[PDB]
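Written out below as structure tokens is the structure these notes cover.
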Amino acid sequence: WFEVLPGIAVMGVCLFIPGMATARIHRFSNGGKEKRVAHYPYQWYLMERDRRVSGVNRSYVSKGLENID
Amino acid sequence: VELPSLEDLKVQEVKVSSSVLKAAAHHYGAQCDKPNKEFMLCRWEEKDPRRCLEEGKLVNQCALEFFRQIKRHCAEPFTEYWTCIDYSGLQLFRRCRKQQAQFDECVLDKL
Amino acid sequence: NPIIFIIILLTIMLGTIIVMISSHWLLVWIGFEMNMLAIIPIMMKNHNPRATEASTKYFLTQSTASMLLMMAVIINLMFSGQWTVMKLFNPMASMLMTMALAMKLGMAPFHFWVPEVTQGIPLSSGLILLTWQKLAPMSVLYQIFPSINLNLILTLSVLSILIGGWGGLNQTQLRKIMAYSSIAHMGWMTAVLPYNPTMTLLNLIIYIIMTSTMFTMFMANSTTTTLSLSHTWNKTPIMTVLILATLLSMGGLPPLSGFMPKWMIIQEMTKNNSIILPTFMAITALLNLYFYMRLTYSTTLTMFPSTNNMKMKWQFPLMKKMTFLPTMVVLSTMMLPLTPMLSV
Amino acid sequence: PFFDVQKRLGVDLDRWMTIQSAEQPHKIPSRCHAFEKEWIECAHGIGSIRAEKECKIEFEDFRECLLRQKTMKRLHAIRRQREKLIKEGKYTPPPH
Amino acid sequence: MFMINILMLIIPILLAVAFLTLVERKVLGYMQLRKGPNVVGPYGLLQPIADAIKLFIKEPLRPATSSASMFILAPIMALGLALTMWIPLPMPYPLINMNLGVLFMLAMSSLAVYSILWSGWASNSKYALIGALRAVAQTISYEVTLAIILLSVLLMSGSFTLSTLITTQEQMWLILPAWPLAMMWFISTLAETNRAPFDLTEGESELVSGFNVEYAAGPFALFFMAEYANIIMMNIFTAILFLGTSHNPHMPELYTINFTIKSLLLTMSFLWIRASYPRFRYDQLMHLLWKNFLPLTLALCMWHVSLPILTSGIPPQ
Amino acid sequence: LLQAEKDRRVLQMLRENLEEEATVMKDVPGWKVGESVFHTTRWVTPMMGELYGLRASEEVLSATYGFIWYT
Amino acid sequence: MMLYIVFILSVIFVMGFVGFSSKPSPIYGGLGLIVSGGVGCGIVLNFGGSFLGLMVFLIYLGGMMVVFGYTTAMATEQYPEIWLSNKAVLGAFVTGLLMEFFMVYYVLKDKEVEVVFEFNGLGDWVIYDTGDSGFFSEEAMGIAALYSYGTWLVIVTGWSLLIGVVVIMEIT
Amino acid sequence: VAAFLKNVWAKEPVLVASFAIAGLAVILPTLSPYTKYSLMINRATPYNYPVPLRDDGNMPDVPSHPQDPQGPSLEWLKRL
Amino acid sequence: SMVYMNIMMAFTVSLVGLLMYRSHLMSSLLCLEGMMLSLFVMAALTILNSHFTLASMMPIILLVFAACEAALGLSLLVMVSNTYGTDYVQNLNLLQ
Amino acid sequence: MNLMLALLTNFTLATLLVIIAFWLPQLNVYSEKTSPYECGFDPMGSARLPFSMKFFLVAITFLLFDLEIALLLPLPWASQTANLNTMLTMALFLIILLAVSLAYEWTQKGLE
Ligand SMILES: CCCCCCCCCCCCCCCCCC(=O)OC[C@H](COP(=O)(O)OCCN)OC(=O)CCCCCCCCCCCCCCCCC
Ligand SMILES: CCCCCCCCCCCCCCCCCC(=O)OC[C@H](COP(=O)(O)OCCN)OC(=O)CCCCCCCCCCCCCCCCC
């Protein structure tokens, strides 16, 4: 009832890695924000619009109200 | 076919992002109602969007003044409102439901 | 077994109604798809190893003849996208249409669908059910009719009686002699179909009647031509007189009513300044009569009833709707001034 | 023969799924919806034997709406109008 | 750095199938009143890194009467679909946002039996010739026990994506409104993925397990490996479907902590069943699918069609 | 507004793909400028080759295959 | 990665058929279909309709391709062989293999050769040709599967399958 | 016959549980008034865009301002 | 485009010499089920770009019969091997 | 463009490890007695594969129950709809149309 807990504690950590890894790639590749999901073709139209007007070539930088004054 | 010139283009384009456009977005359409609903008759009731270019600027020019009003009067709760809703994933409306009334504390009252 | 034999048999004619009740090429695909699904049990019933090796020669011949039809639909899906049953808007589609459907009705090419099935099925009883499958695609060629190439529909039909004729003089097995002259009576009706497509149905309704009454006569014992001898002086001598009358009627002799179609069908084939076309076929069905004479020279001249076996008992089969068949299949030639105004 | 039961008694067995402009469950048309409605307007009471040689204009463009046969040929020949003169100037247009 | 994410998911899961083989027997040992791997570890913990190298030293014979291109192609398709299925699976963020991926699980769980039909044929005779033919036959029949009651919750979820399958369970832990379906959800995966009470694939005293019976420890090392990769993947699929955890966007760290603890618990049951129950004697195995499992699954199917209508509780999509 | 900002894009796209086509070659066995392929003068929708012509380098691939195979 | 990712799939699919269209000893016939069925699904998973492609794995490739390999053991169980190790297989493999390239060879690799073989060109991005975009309803392809209007359709296809069992509940 | 619903439930209570759920499923949509609200909710969910109309004589109702008391009763859901 | 020529070249997996010949009849029933997906795909490419919105239920129904069709044909091919043990299309007894 | 590089990684890692087990560390040119042995833990099986009827009907029966779950598959998409009396009464038909096909066959299964 004792020695079986180290056997668990190597397997149990081994699924804490891929959940923490992928959650800190999308949040890290796009600068501290979640990743935009797009299930419907209308939802793609906002991102592909936003890429044309955000700053350079990205759907993950903002423009803001202060941009157009 | 014949097309209009390079002029009657290049108007003052609203250069904002997706979430800040969807930020207010609800107060927006339900209170202008003269240039835009008539623009639908200019597109549905008669087709060929090459004739209908006046009211495409009537919806655009008034929308330029909609954000120009909200910048001068109350933009301190506005910028933090579309901050939290830009914390992304589907842009839900039940996450920032708490912080929605701090924006609308005065939109019903101030302006 | 008894109740499920009706539900199989009921849906055969329910498969062919949807072929006729349709404004949409998808439903005419389903229509004689499920006929090819619901014939395969009727082939089987007594489980003999020719029958299993006959329906499988029946099967895939009507799988491909199904399959090219759906190819012909999807071609003119690309062209104008209408799916009503009408002209097919593409000569590469209609060519692939007509000589796909020529396998289910089998014409002179697509040959041995007709003898190799109908021979040796131990169910010789009927197999009158092979009149529905001659009836479903004819209901499809009534609509497609103003879009054909006019050469292919005749070349399958000029070859039809020239090779359905020669094929059976070399026979004894009277199922094959019924299987032959069933391509020939598909030769007379599709030679006419481009010219006034009604007065085609006149030939078909006659063909259902005269062929259905031939099988019911055959259901006492009859298997082979030598067995067709040994029932004149044994079973009933009135059967010999009856089996004479229908054959001489089905040959087309003008005292009887199998001369009713031709007499009318040449009224349409000329009137269209086409004379060398009927004179070939009208002289071709003459050696379609040398089946029937030399068949009537067996039973009606007392040719050797030997091997003394007495049938001292009566007969109890079911000769259903038999008393009214050789009274409209022989004596109707005076009584039809217009059958082609009821059917028109 | 074409009995046409479904014209007597008013059920639609099928019919809806037959042509390119019929119902559209949430009203999203096709790419050539404008020419279907225009071409069916041509041959209605016409008995279709004179429609093959009289109408002939509202059908041909509709065939060319759907496959874009000569539109792709007028486009392909512009790749041979220029693009042997890759090295002979006229980039046209400069980016963007 | 998308390519560094894929390798960050294949490699940390091969340990969790290697550190399950050790917990396969420690848990199965204290049921027998005996300690775990006692001497090599110190606690055991270093057993599988020694128990892996021995297999790749030991000579990988091919059988003389075997075929060639089929025998060495089924272990390619074994680890292929055993690891490809881990892709569209949220924790809390999946690697791939498929529009419809619940169906993609059955698009991946269907082709696994097409390797058993190979390997039973590809090598040799009767202890895997007919003895693997009746292992394809059990695995095909437990999709219609599976695919129906997988659809029977989707009438209540709303759509086919998996992000809605966490949204709809923020207040319920959905095992309660569908607990008859949750029973037959378990036994299906208990018998489809070829485990202990409904066995004949692996083989107790059946085909003396004639689906391996021939692989020496070169190619055999994956079969076992790959297979143990299904069993922790139906457990990671049950606990995203019934027993759904809570997602917070501001704190994704606390998702996985409360999540991996749950799939481990269900994984214990596949070990904890084996130390109780005997086999099923191939007839009674399939005698309870048609006669006994199946007509209830249609019954609740007609129940879950009408109940969203006659509650006026249509799920939104 | 999102409609009235989208239709302005394609007329700019049609103008530059015609005006930088009308200066390419004016051959007597060549094209007229301002014609259509169809007889009927009515505003049909454009095509991918109409908007994005013979260029086809990078961004045209992201236009067509953007929504498919991923965000 | 290229613009030619659709055209590079379909040539495999054409060569998938020529794999089993000749005579491969019917256990490699399964390795002609599952190759083609996935590669063919690689075409259909473009253009928007993904639900219609993923079903070809489940009901065709998942259903029929087990039973097609669940036989070839209970019948046709002779001593197996492989294709291309005989003379009758390789003689037909190359025959369409040239035309699998030769059709590609001049359909558009010449400028325009000349009138009849240039109406349909390869590429470019007008293969999809679906601009502009749509709405948040579905693809669609999504709101298409209907237990609305079509009722005569389903009442046949439901009932046509019910006699499908009763035909096979007999002879076997 | 009243023993038949108790002397087969001592032998095979497997299909009996199926018919008990097969029944009481077709019956209930003809019973509760919660249905036809299931069609009332499902009718006023706007997918497409509301195109406007034109004044010509009538003027039946619903002027240019939407927030006027102009349109029908779909505001019982917010109170629900 | 060329996405239709391939695949219309791939419709020639009938080819009739290899639609019933030679022996091991399972090789012939193979291309009868493999002649589908040259109809299931060739329909699906046409309904999908040209937004019909309704005819895309027809490729779903195209499988449902041809599966039930070929399943029936596979029942009889056991019956030819139930009596023999080998299918072998050069079995012929009932002449024509 | 990673879907499609989300799996070609996974298969080239799969075919890597099999050839570094079947090939490489393998090559058994020494004694390697591949004589008449390796016969799957037995001897010579002069019989071929015999037909078994009760293991053919299991193949066909599944196939006809597999089709009309794909008809049954767009039931969650058939919820957000128009006229729904039709949608309910047609959805209940197919299940009963699947249920009767049991009960007829249920009077004769065999030792399956
Ligand atoms: C022995 C070694 C030799 C063999 C090596 C090759 C083995 C490869 C076997 C892999 C088999 C996996 C096939 C699975 C196909 C299913 C893919 C799929 O459906 O992806 C889901 C997605 C659907 O689109 P959607 O969800 O709407 O995207 C969101 C849009 N907002 O779709 C997408 O996201 C993008 C769709 C297009 C992506 C490219 C096409 C995918 C298929 C490419 C491989 C072709 C299949 C190869 C044959 C398979 C053989 C088993
Ligand atoms: C009116 C309002 C609506 C009404 C709703 C009412 C809801 C009722 C819900 C009932 C449906 C759910 C129950 C599922 C049915 C149980 C399955 C079954 O029928 O098994 C029958 C099986 C047959 O054997 P038997 O009939 O007993 O005859 C031999 C006796 N000598 O006999 C058996 O018992 C077999 C037992 C299972 C076989 C496998 C055992 C292996 C170990 C499995 C352990 C699983 C533990 C739990 C799974 C995980 C749960 C999270």
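Descriptive notes on the structure:
- For chain D: relative contact order, % (alpha-carbon pairs under 8 angstrom, 6 or more apart): 17
- CD proxy at 222 nm, helix term only [per DSSP H run n ≥ 4: -39500 (n - 2.57); per residue of chain C; nearest 500]: -13000 deg cm²/dmol
- For peptide E:69-79, the mean count of partner chain Cβ atoms within 10 Å of a residue's Cβ comes to 4.
- Across segment I:29-42, coupling constants 3J(HN,Hα) worked out from phi with the 6.51/-1.76/1.60 Karplus curve, θ = phi - 60°, read 5, 4, 6, 6, 7, x, 6, 5, 6, 9, 10, 5, 8, 5 Hz, and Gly and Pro carry x.
- For segment D:29-46, Karplus couplings with θ = phi - 60° (6.51, -1.76, 1.60), whole Hz, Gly/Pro x: x, 8, 8, 10, 5, 6, 9, 4, 5, 7, 7, 5, 4, 5, 9, 10, x, 5
- Annotation for segment F:37-71: GluC sites (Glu not before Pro) lying in DSSP loop with at most 11 further Cβ atoms inside 10 Å of their Cβ are F:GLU58.
- Helix C:260-269 and the longest principal axis of the Cα set of chain C meet at an angle near 30°.
- P(r), alpha carbons of segment C:1-118 - 5 Å bins starting at zero, rounded %: 2, 10, 18, 20, 19, 14, 9, 5, 3, 1, 0
- For chain C, the longest principal axis of the C-alpha atoms and the axis of helix C:152-166 are separated by about 10°.
- For chain G, the 222 nm mean residue ellipticity estimated from helices alone, with every DSSP H stretch of n ≥ 4 adding -39500 (n - 2.57) and the total spread over all residues, rounds to -14000 deg cm²/dmol.
- Chain E: DSSP helices with Cα axial extent of at least 18 Å and average Kyte-Doolittle hydropathy no lower than 0.5: E:3-21, E:179-192, E:253-274, E:294-306
- Peptide G:89-96 is shielded by partner chain Cβ atoms: per residue, an average of 1 of them sit within 10 Å of its Cβ.
- Loop sites in segment H:16-80: chymotrypsin sites (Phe, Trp or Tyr not before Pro), DSSP, at most 10 other Cβ within 10 Å: H:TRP76
- Structural descriptor for chain B: relative contact order 28 percent, calculated from alpha carbon pairs under 8 angstrom and at least 6 residues apart.
- Helix-only arithmetic for chain J: the sum of -39500 (n - 2.57) across DSSP H runs with n ≥ 4, divided by the residue total, places the mean residue ellipticity at 222 nm at -13000 deg cm²/dmol.
- Other residues within the sphere of radius under 13 Å centred on the Cβ of E:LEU28, judged by their own Cβ, net out at +4 (K and R +1, D and E -1).
- Three-way shape call for segment G:4-169 based on the alpha-carbon gyration tensor, with the a/c threshold at 1.5: oblate
- Of the chymotrypsin sites (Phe, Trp or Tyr not before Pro) found in segment C:226-332, those in coil by DSSP whose Cβ has at most 16 other Cβ atoms within 10 Å are C:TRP233, C:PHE259, C:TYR290, C:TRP314, C:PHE324.
- Using the Karplus relation 6.51 cos²θ - 1.76 cosθ + 1.60 with θ = phi - 60°, the per-residue 3J(HN,Hα) values for segment C:234-250 come to 10, 7, 7, x, 6, 5, 5, 6, 6, 6, 6, 6, 7, 5, 5, 6, 7 Hz, with x marking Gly and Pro.
- Relative contact order for chain E, counting Cα pairs under 8 Å that sit 6 or more residues apart, in percent: 23
- Neighbouring partner chain Cβ atoms per residue of B:5-12, average, 10 Å criterion: 2
- The angle separating the long axis of helix J:8-19 from the principal Cα axis of greatest extent in chain J is about 30 degrees.
- Between G:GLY131, G:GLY121, G:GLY142, the residue with the greatest mean-square fluctuation in the GNM of chain G (Cα pairs under 10 Å linked by springs) is G:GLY131.
- Overall shape: oblate for the protein assembly as shown, with the ratio a/c of the largest to smallest alpha carbon gyration tensor axis at 1.5 or above and b/c at least equal to a/b.
We place every Cβ from the backbone using ideal geometry, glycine too, and count neighbours over all the protein chains shown. Any read-out appearing in this document is the output of simple, stated calculations on the displayed coordinates, not a laboratory observation.
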